[PDB]
Structures are given as C-alpha cells and as structure tokens.
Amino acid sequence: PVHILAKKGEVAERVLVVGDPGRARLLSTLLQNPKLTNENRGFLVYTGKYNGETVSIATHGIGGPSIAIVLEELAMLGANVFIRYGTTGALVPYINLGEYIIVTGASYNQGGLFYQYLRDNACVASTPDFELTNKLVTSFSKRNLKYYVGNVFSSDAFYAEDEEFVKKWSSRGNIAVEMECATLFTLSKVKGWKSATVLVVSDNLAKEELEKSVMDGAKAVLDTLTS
C-alpha cells in the first residue's frame, strides 16, 4: 500500500470507515487501548478492541476514488468487513435531522471508476451484504435508535447544479444522498468483501444534538461489527 502505511497486522478484519479524519479520531475513544496505525496522507487509522474483538476505524476521505484506494489498501492489509458510517442529506421530508439511514442500495451515474473496474457500462447491482445490513438493523433497534432503510444516491459532484435534484432522485427510490456508497458496495461485491453503511442525517433537502447522534450511532455500528 502506498497511501495507508500501516504495518501488516495493524489493521483488523473488521473496519468501521468514516470520511472525516476528525470523526475517526473522535470515535477511536470508543475502542479499548486505541493505537494509531496510520497517519499518512491524513488517512487516520486506529486499531483497538471492542466487545472482545479487534476492530479498526479508518478514514476514507471524500468521493469514490478516495474510498476505493483506502478500501483496496485496507484489504491488502487484511481487512474484509467494512461498515461505512457517514453523514447524509435526506431526500424525503419525513426524516428528521439526527436520525439514521441504513442503506440498502446505491444509485449512481455511470462513470470512470465503475468503467475501469467493471470494464463496461453494465449497471451492476450496488448493494451491501444482506446479512451485515440486517445485523445493523438489529443493533440500531436494540439501542432504540430511529432509522429508515432505503437506497441512496451516491453523487460525485457535491456542487453541480440540478434544478430538479430532489424530485429526480427521490422519485428514483432514493431517500438520501451522499458520495461513497456505490463505490463501497460495488467494489466489495467484485472483491468479495462484506460491507454495509449507516448514515447520520445532518441535513434535509426536501424540507450537541448531532454530536450525541454521531456517538450513539457509532456504538451501534461497533456492536454490529463485533456481533
């Protein structure tokens, strides 16, 4: 690996991945005896224990190309189970800020990354691991957290203008928008990794509280990863 310079054996098979290095540092406090196994290029990776299992929390940056690199290198270091925990913008009015979205699929616009990996324009089903996703539903249920299950649109251009953005994607079965799920799911299906994703709603495009929301969700994810 040329980006994640962690020593082999410093990355766990189970990894909770987040886009913000700051969130990785903040969530590492949930682990027992957290150790920083990587700092290169800002991709903070911490490894420690939780519920009797070794677990790692890694930073994936923003966008499909960035998360693809991070997943590929973590996998080369031994990782095979990934659960992305990020922030999203709801596309439907009934979802409130701070609530969660357990992703069942990702819509995406055909693009370079998918073409380079798939070798053609086939719309390969970009879905998470079935079992893993159900365990997440179980963990969030056990902790009495309010969540919704559904597809998300994985956008590549945060600032590109689209006057019909919300209507378009919500009418296509998506309840939220973010930027890395399609890559995570598809690459995982091709590579054989087990992946899933839960998102914290930080904004609603159709319409300290957030801090706690982020922490509560992270605990649910770690429970799932170590279940």
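Throughout, rigid core stands for the largest set of C-alpha atoms superposing within 1.5 Å between the two forms. Don't overthink the numbering: it's just position in the shown sequence, from 1.
### Query
Is the larger C-alpha RMS shift in 8 other deposited structures of this protein, relative to this form with the rigid core superposed, found in 209-217 or in 9-17?
Of the two stretches, the larger average C-alpha offset in 8 other deposited structures of this protein falls on 209-217.
### Task
Could you say which moves further from this form in 8 other deposited structures of this protein, stretch 40-48 or stretch 155-163, by root mean square CA distance after aligning on the core?
When 40-48 and 155-163 are compared in 8 other deposited structures of this protein, 155-163 lies farther out.
### Query
Just how many deposited residues go unmodelled from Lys207 to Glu208: none, 1 to 3, 4 to 9, or 10 or more?
In the deposited sequence, 4 to 9 residues between these two have no coordinates.
### 174-182 or 160-168, whichever carries the higher mean Cα B-factor
Higher mean C-alpha B-factor: 160-168.
### Query
Mean CA B-factor: is it higher for 67-75 or for 131-139?
Between 131-139 and 67-75, it is 131-139 that shows the higher mean C-alpha B-factor.
### Query
For the listed residues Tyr94, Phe82, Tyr117, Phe153, which one has the largest C-alpha B-factor as given in the deposited model?
Most elevated C-alpha B-factor of the set, per the entry: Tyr94.
### Query
Looking at the C-alpha B-factor of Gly89, is it in the lowest, middle or highest third of its chain?
Middle third by C-alpha B-factor.
### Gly105 by Cα B-factor - lowest, middle or highest third of the modelled chain
Tercile = lowest for this residue's CA B-factor.
### Query
Compared with the other modelled residues in the chain, in which third is the CA B-factor of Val17?
Bottom third by C-alpha B-factor.
### Task
Taking the chain's C-alpha temperature factors as the reference, tell me which third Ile62 falls into: lowest, middle or highest.
Lowest third of the chain for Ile62's C-alpha B-factor.
#### Entry: Modelled-residue ranking by C-alpha temperature factor, third containing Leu36
Within its chain, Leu36 is a highest-third residue by C-alpha B-factor, going by the deposited values.
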